[PDB]
């Protein structure tokens, strides 16, 4: 029962796409309960839904100077030069969707501490997104701290353990 986010993250670990034409902040998004939704409405409706969704997402990403690295149906991997753009993009996407399909959105950015920085950051971003509820924007501590000028507000954060990662991580949801 792998999500499109997980499929893209596994792809990205091996592909190692060159983001020299963007730089880094990584955003992952997919549709909550996509498989169940697909099985409910059937493939022809799904194709229509996905093409429409793809148009929405790609346009909003580009409007925020983002670069869709790869998409897998409902899933998107997106790169931004700055965390402000990534979060604003997420805010705009959630608003458009409310204006019933709901998307998970996770955002992460990271620095080297010694190493394989890209491998860790992409994997981390995917897990953050995997932790997000439909309709939620979740960001890692570094993104939260990097945006601590508004008007972007966060909750008090939640401590979670991410699959395959040692330690615990505090994740913050973006608020209205």
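Positions refer to the first chain, counted from 1.
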When the other structures of this protein are compared, and only where the residues around it are present, is residue 121 absent from a third or more of them?
no
Checking the other PDB entries that cover both flanking residues: does residue 149 lack coordinates in at least a third?
yes
As the entry stands, the deposited residues without coordinates between residue 99 and residue 100 add up to 4 to 9
Stretch with higher mean Cα temperature factor, 33-41 vs 123-131, is 33-41
When mean C-alpha B-factors in the record are compared for 24-32 and 59-67, the larger belongs to 59-67
When the entry's CA B-factors for 138, 109, 147, 47 are compared, the highest one belongs to 147
Tertile call for residue 171 (CA temperature factor, within chain, third-based) is the middle
For residue 82, the third of its chain by CA B-factor is the highest
Sorting the chain's modelled residues by C-alpha B-factor and splitting them into thirds places residue 10 in the lowest
